[PDB]
$ cat work_15.pdb   # PDB, N, CA and C atoms
ATOM      1  N   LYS A   1      28.213  -5.758  12.490
ATOM      2  CA  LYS A   1      28.839  -6.626  13.542
ATOM      3  C   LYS A   1      28.780  -5.928  14.915
ATOM      4  N   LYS A   2      29.138  -4.643  14.936
ATOM      5  CA  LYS A   2      29.062  -3.783  16.123
ATOM      6  C   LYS A   2      27.766  -2.950  16.337
ATOM      7  N   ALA A   3      26.882  -2.907  15.351
ATOM      8  CA  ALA A   3      25.621  -2.194  15.549
ATOM      9  C   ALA A   3      24.596  -3.122  16.195
ATOM     10  N   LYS A   4      23.622  -2.525  16.872
ATOM     11  CA  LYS A   4      22.524  -3.272  17.427
ATOM     12  C   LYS A   4      21.457  -3.429  16.331
ATOM     13  N   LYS A   5      21.142  -4.661  15.967
ATOM     14  CA  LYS A   5      20.132  -4.906  14.916
ATOM     15  C   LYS A   5      18.841  -5.302  15.618
ATOM     16  N   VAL A   6      17.749  -4.666  15.245
ATOM     17  CA  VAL A   6      16.418  -5.030  15.708
ATOM     18  C   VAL A   6      15.496  -5.090  14.489
ATOM     19  N   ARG A   7      14.315  -5.693  14.657
ATOM     20  CA  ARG A   7      13.407  -5.860  13.530
ATOM     21  C   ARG A   7      12.069  -5.238  13.842
ATOM     22  N   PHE A   8      11.665  -4.300  13.002
ATOM     23  CA  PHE A   8      10.399  -3.608  13.171
ATOM     24  C   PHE A   8       9.266  -4.115  12.275
ATOM     25  N   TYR A   9       8.112  -4.305  12.892
ATOM     26  CA  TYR A   9       6.891  -4.709  12.227
ATOM     27  C   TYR A   9       5.877  -3.572  12.258
ATOM     28  N   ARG A  10       4.753  -3.753  11.540
ATOM     29  CA  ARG A  10       3.693  -2.751  11.516
ATOM     30  C   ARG A  10       2.461  -3.284  12.243
ATOM     31  N   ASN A  11       1.989  -2.487  13.200
ATOM     32  CA  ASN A  11       0.857  -2.856  14.022
ATOM     33  C   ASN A  11      -0.350  -3.220  13.183
ATOM     34  N   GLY A  12      -0.891  -4.405  13.435
ATOM     35  CA  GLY A  12      -2.080  -4.882  12.737
ATOM     36  C   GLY A  12      -1.882  -5.378  11.313
ATOM     37  N   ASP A  13      -0.650  -5.365  10.821
ATOM     38  CA  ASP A  13      -0.329  -5.788   9.496
ATOM     39  C   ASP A  13       0.140  -7.238   9.554
ATOM     40  N   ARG A  14      -0.692  -8.131   9.031
ATOM     41  CA  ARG A  14      -0.452  -9.580   9.046
ATOM     42  C   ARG A  14       0.479 -10.058   7.939
ATOM     43  N   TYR A  15       0.756  -9.201   6.970
ATOM     44  CA  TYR A  15       1.546  -9.596   5.801
ATOM     45  C   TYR A  15       2.987  -9.143   5.815
ATOM     46  N   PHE A  16       3.222  -7.952   6.339
ATOM     47  CA  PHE A  16       4.577  -7.434   6.366
ATOM     48  C   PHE A  16       5.381  -8.206   7.402
ATOM     49  N   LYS A  17       6.520  -8.749   6.973
ATOM     50  CA  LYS A  17       7.336  -9.568   7.864
ATOM     51  C   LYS A  17       8.556  -8.850   8.438
ATOM     52  N   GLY A  18       8.564  -7.519   8.433
ATOM     53  CA  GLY A  18       9.541  -6.767   9.172
ATOM     54  C   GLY A  18      10.682  -6.183   8.399
ATOM     55  N   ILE A  19      11.264  -5.165   9.010
ATOM     56  CA  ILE A  19      12.448  -4.535   8.455
ATOM     57  C   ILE A  19      13.514  -4.457   9.529
ATOM     58  N   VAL A  20      14.754  -4.760   9.164
ATOM     59  CA  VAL A  20      15.875  -4.684  10.096
ATOM     60  C   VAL A  20      16.477  -3.281  10.100
ATOM     61  N   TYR A  21      16.628  -2.752  11.309
ATOM     62  CA  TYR A  21      17.297  -1.499  11.549
ATOM     63  C   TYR A  21      18.594  -1.733  12.324
ATOM     64  N   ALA A  22      19.666  -1.072  11.930
ATOM     65  CA  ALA A  22      20.927  -1.064  12.671
ATOM     66  C   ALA A  22      20.947   0.195  13.496
ATOM     67  N   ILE A  23      20.938   0.008  14.804
ATOM     68  CA  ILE A  23      20.920   1.127  15.738
ATOM     69  C   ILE A  23      22.344   1.313  16.272
ATOM     70  N   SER A  24      22.948   2.438  15.939
ATOM     71  CA  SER A  24      24.199   2.864  16.532
ATOM     72  C   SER A  24      24.175   4.404  16.600
ATOM     73  N   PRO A  25      24.988   4.955  17.473
ATOM     74  CA  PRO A  25      25.047   6.406  17.690
ATOM     75  C   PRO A  25      25.180   7.079  16.339
ATOM     76  N   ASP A  26      26.093   6.514  15.565
ATOM     77  CA  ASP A  26      26.324   6.865  14.177
ATOM     78  C   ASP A  26      25.096   6.854  13.233
ATOM     79  N   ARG A  27      24.134   5.949  13.414
ATOM     80  CA  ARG A  27      22.983   5.893  12.485
ATOM     81  C   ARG A  27      21.748   6.626  12.970
ATOM     82  N   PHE A  28      21.511   6.556  14.272
ATOM     83  CA  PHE A  28      20.388   7.247  14.879
ATOM     84  C   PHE A  28      20.891   7.807  16.181
ATOM     85  N   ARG A  29      21.108   9.106  16.212
ATOM     86  CA  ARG A  29      21.651   9.705  17.427
ATOM     87  C   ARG A  29      20.528  10.087  18.366
ATOM     88  N   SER A  30      19.292   9.992  17.883
ATOM     89  CA  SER A  30      18.170  10.359  18.729
ATOM     90  C   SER A  30      16.918   9.547  18.447
ATOM     91  N   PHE A  31      16.083   9.468  19.462
ATOM     92  CA  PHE A  31      14.797   8.815  19.356
ATOM     93  C   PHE A  31      13.923   9.434  18.258
ATOM     94  N   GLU A  32      13.825  10.752  18.230
ATOM     95  CA  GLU A  32      12.991  11.373  17.220
ATOM     96  C   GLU A  32      13.475  11.015  15.822
ATOM     97  N   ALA A  33      14.790  10.989  15.624
ATOM     98  CA  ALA A  33      15.315  10.650  14.316
ATOM     99  C   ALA A  33      14.901   9.214  13.906
ATOM    100  N   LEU A  34      14.896   8.310  14.877
ATOM    101  CA  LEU A  34      14.491   6.951  14.593
ATOM    102  C   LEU A  34      13.016   6.892  14.169
ATOM    103  N   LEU A  35      12.142   7.543  14.911
ATOM    104  CA  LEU A  35      10.739   7.507  14.555
ATOM    105  C   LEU A  35      10.524   8.146  13.197
ATOM    106  N   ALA A  36      11.237   9.248  12.893
ATOM    107  CA  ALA A  36      11.035   9.917  11.601
ATOM    108  C   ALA A  36      11.423   8.948  10.474
ATOM    109  N   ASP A  37      12.522   8.226  10.672
ATOM    110  CA  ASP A  37      12.952   7.247   9.665
ATOM    111  C   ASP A  37      11.976   6.087   9.492
ATOM    112  N   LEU A  38      11.417   5.606  10.603
ATOM    113  CA  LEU A  38      10.397   4.571  10.580
ATOM    114  C   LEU A  38       9.176   5.025   9.805
ATOM    115  N   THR A  39       8.753   6.284   9.969
ATOM    116  CA  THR A  39       7.674   6.772   9.117
ATOM    117  C   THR A  39       8.045   6.754   7.661
ATOM    118  N   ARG A  40       9.264   7.178   7.357
ATOM    119  CA  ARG A  40       9.712   7.192   5.967
ATOM    120  C   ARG A  40       9.711   5.802   5.371
ATOM    121  N   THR A  41      10.088   4.801   6.157
ATOM    122  CA  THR A  41      10.219   3.439   5.602
ATOM    123  C   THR A  41       8.950   2.642   5.636
ATOM    124  N   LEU A  42       8.133   2.840   6.665
ATOM    125  CA  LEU A  42       6.995   1.990   6.896
ATOM    126  C   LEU A  42       5.636   2.556   6.651
ATOM    127  N   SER A  43       5.504   3.877   6.720
ATOM    128  CA  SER A  43       4.175   4.487   6.539
ATOM    129  C   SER A  43       3.794   4.675   5.081
ATOM    130  N   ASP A  44       2.668   4.112   4.671
ATOM    131  CA  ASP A  44       2.226   4.358   3.304
ATOM    132  C   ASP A  44       0.772   4.833   3.313
ATOM    133  N   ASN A  45       0.068   4.739   2.199
ATOM    134  CA  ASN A  45      -1.284   5.294   2.190
ATOM    135  C   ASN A  45      -2.304   4.472   2.929
ATOM    136  N   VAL A  46      -2.007   3.200   3.212
ATOM    137  CA  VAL A  46      -2.938   2.369   3.952
ATOM    138  C   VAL A  46      -2.351   1.771   5.235
ATOM    139  N   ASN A  47      -1.022   1.621   5.337
ATOM    140  CA  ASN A  47      -0.389   1.031   6.527
ATOM    141  C   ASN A  47       0.240   2.164   7.361
ATOM    142  N   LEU A  48      -0.223   2.338   8.600
ATOM    143  CA  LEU A  48       0.198   3.392   9.483
ATOM    144  C   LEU A  48       0.221   4.760   8.777
ATOM    145  N   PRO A  49      -0.844   5.109   8.087
ATOM    146  CA  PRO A  49      -0.786   6.290   7.223
ATOM    147  C   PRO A  49      -0.513   7.624   7.913
ATOM    148  N   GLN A  50      -0.929   7.785   9.157
ATOM    149  CA  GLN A  50      -0.679   9.051   9.868
ATOM    150  C   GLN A  50       0.815   9.228  10.231
ATOM    151  N   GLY A  51       1.541   8.120  10.278
ATOM    152  CA  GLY A  51       2.953   8.084  10.619
ATOM    153  C   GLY A  51       3.183   7.209  11.861
ATOM    154  N   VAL A  52       4.435   6.816  12.091
ATOM    155  CA  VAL A  52       4.781   6.025  13.242
ATOM    156  C   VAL A  52       4.827   6.933  14.457
ATOM    157  N   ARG A  53       4.094   6.550  15.491
ATOM    158  CA  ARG A  53       3.999   7.336  16.729
ATOM    159  C   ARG A  53       4.546   6.580  17.924
ATOM    160  N   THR A  54       4.607   5.261  17.810
ATOM    161  CA  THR A  54       4.902   4.418  18.980
ATOM    162  C   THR A  54       5.644   3.174  18.565
ATOM    163  N   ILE A  55       6.541   2.721  19.422
ATOM    164  CA  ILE A  55       7.194   1.435  19.262
ATOM    165  C   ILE A  55       6.809   0.552  20.441
ATOM    166  N   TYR A  56       6.201  -0.599  20.175
ATOM    167  CA  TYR A  56       5.819  -1.554  21.204
ATOM    168  C   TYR A  56       6.742  -2.733  21.258
ATOM    169  N   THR A  57       6.876  -3.273  22.466
ATOM    170  CA  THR A  57       7.469  -4.563  22.593
ATOM    171  C   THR A  57       6.568  -5.550  21.876
ATOM    172  N   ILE A  58       7.103  -6.748  21.613
ATOM    173  CA  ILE A  58       6.407  -7.714  20.780
ATOM    174  C   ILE A  58       5.102  -8.240  21.367
ATOM    175  N   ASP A  59       4.966  -8.125  22.690
ATOM    176  CA  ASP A  59       3.749  -8.528  23.408
ATOM    177  C   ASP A  59       2.732  -7.414  23.542
ATOM    178  N   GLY A  60       3.079  -6.225  23.052
ATOM    179  CA  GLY A  60       2.236  -5.050  23.122
ATOM    180  C   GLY A  60       2.060  -4.452  24.506
ATOM    181  N   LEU A  61       2.856  -4.905  25.462
ATOM    182  CA  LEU A  61       2.639  -4.476  26.826
ATOM    183  C   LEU A  61       3.456  -3.287  27.269
ATOM    184  N   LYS A  62       4.432  -2.891  26.464
ATOM    185  CA  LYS A  62       5.255  -1.744  26.786
ATOM    186  C   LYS A  62       5.552  -0.904  25.555
ATOM    187  N   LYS A  63       5.449   0.406  25.727
ATOM    188  CA  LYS A  63       5.889   1.329  24.730
ATOM    189  C   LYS A  63       7.314   1.700  25.053
ATOM    190  N   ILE A  64       8.165   1.655  24.060
ATOM    191  CA  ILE A  64       9.561   2.015  24.239
ATOM    192  C   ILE A  64       9.711   3.531  24.429
ATOM    193  N   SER A  65      10.484   3.935  25.442
ATOM    194  CA  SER A  65      10.737   5.338  25.708
ATOM    195  C   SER A  65      12.197   5.780  25.487
ATOM    196  N   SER A  66      13.119   4.849  25.312
ATOM    197  CA  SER A  66      14.517   5.239  25.100
ATOM    198  C   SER A  66      15.227   4.203  24.249
ATOM    199  N   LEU A  67      16.285   4.641  23.562
ATOM    200  CA  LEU A  67      16.972   3.752  22.616
ATOM    201  C   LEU A  67      17.626   2.568  23.300
ATOM    202  N   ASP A  68      18.027   2.739  24.555
ATOM    203  CA  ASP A  68      18.625   1.625  25.304
ATOM    204  C   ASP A  68      17.675   0.499  25.670
ATOM    205  N   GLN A  69      16.382   0.719  25.504
ATOM    206  CA  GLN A  69      15.428  -0.322  25.761
ATOM    207  C   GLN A  69      15.353  -1.301  24.576
ATOM    208  N   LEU A  70      15.918  -0.903  23.438
ATOM    209  CA  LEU A  70      15.950  -1.788  22.274
ATOM    210  C   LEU A  70      17.053  -2.800  22.495
ATOM    211  N   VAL A  71      16.736  -4.080  22.294
ATOM    212  CA  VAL A  71      17.668  -5.188  22.523
ATOM    213  C   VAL A  71      18.041  -5.887  21.242
ATOM    214  N   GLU A  72      19.334  -6.064  21.055
ATOM    215  CA  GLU A  72      19.836  -6.767  19.918
ATOM    216  C   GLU A  72      19.060  -8.040  19.656
ATOM    217  N   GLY A  73      18.578  -8.189  18.432
ATOM    218  CA  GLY A  73      17.883  -9.376  17.970
ATOM    219  C   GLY A  73      16.424  -9.473  18.322
ATOM    220  N   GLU A  74      15.929  -8.485  19.092
ATOM    221  CA  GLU A  74      14.505  -8.481  19.387
ATOM    222  C   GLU A  74      13.702  -7.837  18.263
ATOM    223  N   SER A  75      12.395  -8.086  18.320
ATOM    224  CA  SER A  75      11.402  -7.570  17.364
ATOM    225  C   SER A  75      10.457  -6.607  18.072
ATOM    226  N   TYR A  76      10.043  -5.559  17.356
ATOM    227  CA  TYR A  76       9.241  -4.475  17.903
ATOM    228  C   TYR A  76       8.150  -4.159  16.898
ATOM    229  N   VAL A  77       7.066  -3.558  17.376
ATOM    230  CA  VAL A  77       5.898  -3.265  16.547
ATOM    231  C   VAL A  77       5.630  -1.758  16.545
ATOM    232  N   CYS A  78       5.609  -1.174  15.360
ATOM    233  CA  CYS A  78       5.375   0.244  15.181
ATOM    234  C   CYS A  78       3.879   0.475  15.108
ATOM    235  N   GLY A  79       3.429   1.416  15.910
ATOM    236  CA  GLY A  79       2.031   1.759  15.938
ATOM    237  C   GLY A  79       1.812   3.220  15.555
ATOM    238  N   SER A  80       0.571   3.545  15.219
ATOM    239  CA  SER A  80       0.210   4.901  14.823
ATOM    240  C   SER A  80      -0.985   5.381  15.657
ATOM    241  N   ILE A  81      -2.212   5.100  15.197
ATOM    242  CA  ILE A  81      -3.414   5.576  15.902
ATOM    243  C   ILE A  81      -4.161   4.480  16.641
ATOM    244  N   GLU A  82      -4.373   3.341  15.993
ATOM    245  CA  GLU A  82      -5.059   2.191  16.582
ATOM    246  C   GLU A  82      -4.193   1.572  17.666
ATOM    247  N   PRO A  83      -4.818   1.026  18.703
ATOM    248  CA  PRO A  83      -4.065   0.363  19.765
ATOM    249  C   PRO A  83      -3.371  -0.901  19.246
ATOM    250  N   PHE A  84      -2.451  -1.426  20.032
ATOM    251  CA  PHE A  84      -1.726  -2.635  19.686
ATOM    252  C   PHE A  84      -2.642  -3.765  19.320
ATOM    253  N   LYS A  85      -2.325  -4.424  18.210
ATOM    254  CA  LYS A  85      -3.045  -5.586  17.776
ATOM    255  C   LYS A  85      -2.162  -6.816  17.942
ATOM    256  N   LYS A  86      -2.631  -7.813  18.677
ATOM    257  CA  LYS A  86      -1.860  -9.032  18.862
ATOM    258  C   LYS A  86      -1.931  -9.880  17.612
ATOM    259  N   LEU A  87      -0.781 -10.060  16.967
ATOM    260  CA  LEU A  87      -0.626 -10.971  15.831
ATOM    261  C   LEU A  87       0.643 -11.791  16.057
ATOM    262  N   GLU A  88       0.777 -12.890  15.330
ATOM    263  CA  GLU A  88       1.990 -13.704  15.345
ATOM    264  C   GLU A  88       2.978 -13.062  14.360
ATOM    265  N   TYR A  89       3.421 -11.865  14.730
ATOM    266  CA  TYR A  89       4.265 -11.065  13.845
ATOM    267  C   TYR A  89       5.503 -11.798  13.345
ATOM    268  N   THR A  90       6.190 -12.504  14.245
ATOM    269  CA  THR A  90       7.498 -13.075  13.927
ATOM    270  C   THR A  90       7.427 -14.507  13.417
ATOM    271  N   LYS A  91       6.222 -15.040  13.295
ATOM    272  CA  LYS A  91       6.119 -16.444  12.943
ATOM    273  C   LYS A  91       6.762 -16.737  11.605
ATOM    274  N   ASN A  92       7.561 -17.795  11.605
ATOM    275  CA  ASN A  92       8.277 -18.256  10.427
ATOM    276  C   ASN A  92       9.359 -17.331   9.880
ATOM    277  N   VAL A  93       9.695 -16.259  10.614
ATOM    278  CA  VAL A  93      10.818 -15.407  10.242
ATOM    279  C   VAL A  93      12.096 -15.951  10.888
ATOM    280  N   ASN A  94      12.944 -16.544  10.054
ATOM    281  CA  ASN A  94      14.227 -17.091  10.545
ATOM    282  C   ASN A  94      15.081 -15.980  11.230
ATOM    283  N   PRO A  95      15.687 -16.242  12.390
ATOM    284  CA  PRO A  95      16.441 -15.221  13.139
ATOM    285  C   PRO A  95      17.825 -14.867  12.580
ATOM    286  N   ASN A  96      18.229 -15.452  11.444
ATOM    287  CA  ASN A  96      19.577 -15.203  10.922
ATOM    288  C   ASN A  96      19.860 -13.757  10.594
ATOM    289  N   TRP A  97      18.819 -12.939  10.375
ATOM    290  CA  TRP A  97      19.021 -11.518  10.156
ATOM    291  C   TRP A  97      19.767 -10.875  11.341
ATOM    292  N   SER A  98      19.666 -11.494  12.516
ATOM    293  CA  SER A  98      20.282 -10.950  13.714
ATOM    294  C   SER A  98      21.652 -11.601  13.999
ATOM    295  N   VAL A  99      22.046 -12.579  13.175
ATOM    296  CA  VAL A  99      23.278 -13.330  13.415
ATOM    297  C   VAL A  99      24.293 -13.084  12.305
ATOM    298  N   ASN A 100      23.906 -13.257  11.051
ATOM    299  CA  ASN A 100      24.864 -12.984   9.963
ATOM    300  C   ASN A 100      24.521 -11.641   9.362
ATOM    301  N   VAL A 101      25.307 -10.680   9.823
ATOM    302  CA  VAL A 101      25.118  -9.235   9.721
ATOM    303  C   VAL A 101      23.729  -8.873  10.137
TER     304      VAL A 101
END
$ encode --input "work_15.pdb" --output "structure tokens"
Amino acid sequence: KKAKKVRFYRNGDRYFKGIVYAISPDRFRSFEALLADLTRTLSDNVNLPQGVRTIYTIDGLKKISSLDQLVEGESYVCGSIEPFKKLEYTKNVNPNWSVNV
């Protein structure tokens, strides 16, 4: 209720429909800690295999540099080595994940 919820996708991955992260001082006190956790949750042997290196806005036009740039209910794209790939990441994903808890 009091945490900032955002939804992370994987760059160039047309199938994964995102994971919700609760961002609060209590859960991620630092940017590096957030990226390390994103690698743990999202990086596998074929999807972002080198690890998460970058968080993009949904349009791919900005790389996030600080936790305050993350906005409640917005969606972000985790990138690794390849540049941002424009996909309809959020299509058909109901926004209730950002409303009821």
$ closest_residue --input "work_15.pdb" --among "A:66, A:72, A:101, A:85" --to "residue 11 of chain A" --atoms "all atoms listed in the file"
A:85
$ residues_around --input "work_15.pdb" --residues "residue 95 of chain A" --least-positions-apart "3" --cutoff "10 Å" --atoms "only C-alpha atoms" --output "list in words"
residues 7, 73, 74, 90, 92, 98, 99 and 100 of chain A
$ atom_distance --input "work_15.pdb" --atom1 "atom CA of residue 29 of chain A" --atom2 "atom N of residue 4 of chain A"
12.4 Å
$ closest_residue --input "work_15.pdb" --among "A:79, A:67, A:9, A:91" --to "residue 53 of chain A" --atoms "all atoms listed in the file"
A:79
$ atom_distance --input "work_15.pdb" --atom1 "atom CA of residue 60 of chain A" --atom2 "atom N of residue 84 of chain A"
6.7 Å
$ closest_residue --input "work_15.pdb" --among "A:70, A:5, A:12, A:54" --to "residue 36 of chain A" --atoms "only C-alpha atoms"
A:54
$ decode --input "work_15.pdb" --residues "segment 51-76 of chain A" --atoms "N, CA, C and O atoms" --output "tab-separated table (two decimals), in the first residue's frame"
chain	number	residue	atom	x	y	z
A	51	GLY	N	23.64	-10.60	-17.38
A	51	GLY	CA	23.10	-9.94	-16.21
A	51	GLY	C	22.42	-8.62	-16.59
A	51	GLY	O	22.66	-8.09	-17.68
A	52	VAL	N	21.61	-8.08	-15.69
A	52	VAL	CA	20.95	-6.82	-15.92
A	52	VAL	C	21.95	-5.70	-15.71
A	52	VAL	O	22.59	-5.61	-14.68
A	53	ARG	N	22.07	-4.84	-16.71
A	53	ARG	CA	23.02	-3.72	-16.68
A	53	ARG	C	22.32	-2.37	-16.73
A	53	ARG	O	22.90	-1.35	-16.36
A	54	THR	N	21.09	-2.37	-17.21
A	54	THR	CA	20.41	-1.10	-17.52
A	54	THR	C	18.92	-1.24	-17.32
A	54	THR	O	18.35	-2.32	-17.52
A	55	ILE	N	18.30	-0.16	-16.86
A	55	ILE	CA	16.85	-0.07	-16.80
A	55	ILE	C	16.40	1.05	-17.73
A	55	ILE	O	16.84	2.19	-17.56
A	56	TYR	N	15.56	0.74	-18.71
A	56	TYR	CA	15.02	1.73	-19.64
A	56	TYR	C	13.60	2.08	-19.33
A	56	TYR	O	12.81	1.25	-18.84
A	57	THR	N	13.26	3.33	-19.65
A	57	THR	CA	11.88	3.68	-19.70
A	57	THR	C	11.23	2.86	-20.79
A	57	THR	O	11.91	2.33	-21.69
A	58	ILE	N	9.90	2.82	-20.78
A	58	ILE	CA	9.16	1.92	-21.66
A	58	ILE	C	9.31	2.23	-23.14
A	58	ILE	O	9.12	1.34	-23.99
A	59	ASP	N	9.68	3.47	-23.45
A	59	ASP	CA	9.93	3.92	-24.83
A	59	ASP	C	11.36	3.73	-25.28
A	59	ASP	O	11.67	3.99	-26.45
A	60	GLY	N	12.21	3.24	-24.38
A	60	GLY	CA	13.62	3.03	-24.64
A	60	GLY	C	14.46	4.28	-24.79
A	60	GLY	O	15.63	4.19	-25.21
A	61	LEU	N	13.89	5.43	-24.45
A	61	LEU	CA	14.59	6.67	-24.70
A	61	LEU	C	15.41	7.20	-23.55
A	61	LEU	O	16.20	8.16	-23.71
A	62	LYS	N	15.25	6.61	-22.37
A	62	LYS	CA	16.01	7.02	-21.21
A	62	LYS	C	16.44	5.83	-20.37
A	62	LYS	O	15.66	4.90	-20.13
A	63	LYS	N	17.69	5.88	-19.94
A	63	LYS	CA	18.18	4.94	-18.98
A	63	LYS	C	18.00	5.55	-17.61
A	63	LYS	O	18.31	6.72	-17.40
A	64	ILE	N	17.46	4.79	-16.70
A	64	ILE	CA	17.26	5.26	-15.34
A	64	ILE	C	18.60	5.36	-14.60
A	64	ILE	O	19.39	4.42	-14.64
A	65	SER	N	18.82	6.49	-13.92
A	65	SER	CA	20.03	6.70	-13.14
A	65	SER	C	19.81	6.79	-11.62
A	65	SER	O	20.76	6.73	-10.84
A	66	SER	N	18.57	6.90	-11.17
A	66	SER	CA	18.33	6.99	-9.72
A	66	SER	C	16.97	6.41	-9.38
A	66	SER	O	16.06	6.40	-10.23
A	67	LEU	N	16.83	5.95	-8.13
A	67	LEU	CA	15.60	5.26	-7.73
A	67	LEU	C	14.38	6.17	-7.78
A	67	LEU	O	13.26	5.69	-8.02
A	68	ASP	N	14.59	7.47	-7.57
A	68	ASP	CA	13.47	8.42	-7.65
A	68	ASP	C	12.89	8.64	-9.04
A	68	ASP	O	11.80	9.24	-9.18
A	69	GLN	N	13.58	8.16	-10.06
A	69	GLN	CA	13.06	8.27	-11.40
A	69	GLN	C	12.01	7.18	-11.67
A	69	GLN	O	11.28	7.25	-12.68
A	70	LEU	N	11.96	6.17	-10.79
A	70	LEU	CA	10.95	5.12	-10.94
A	70	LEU	C	9.64	5.67	-10.43
A	70	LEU	O	9.57	6.24	-9.33
A	71	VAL	N	8.58	5.50	-11.22
A	71	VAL	CA	7.24	6.02	-10.90
A	71	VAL	C	6.25	4.92	-10.64
A	71	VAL	O	6.20	3.94	-11.34
A	72	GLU	N	5.54	5.05	-9.53
A	72	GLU	CA	4.52	4.12	-9.18
A	72	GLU	C	3.64	3.78	-10.37
A	72	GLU	O	3.09	4.66	-11.01
A	73	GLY	N	3.49	2.49	-10.64
A	73	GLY	CA	2.62	1.98	-11.68
A	73	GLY	C	3.18	1.99	-13.08
A	73	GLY	O	2.54	1.51	-13.96
A	74	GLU	N	4.39	2.54	-13.23
A	74	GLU	CA	5.01	2.50	-14.55
A	74	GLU	C	5.73	1.18	-14.79
A	74	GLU	O	5.95	0.38	-13.87
A	75	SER	N	6.03	0.95	-16.06
A	75	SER	CA	6.73	-0.25	-16.56
A	75	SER	C	8.10	0.15	-17.11
A	75	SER	O	8.22	1.23	-17.69
A	76	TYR	N	9.09	-0.72	-16.91
A	76	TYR	CA	10.48	-0.46	-17.26
A	76	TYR	C	11.03	-1.71	-17.91
A	76	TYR	O	10.50	-2.80	-17.71
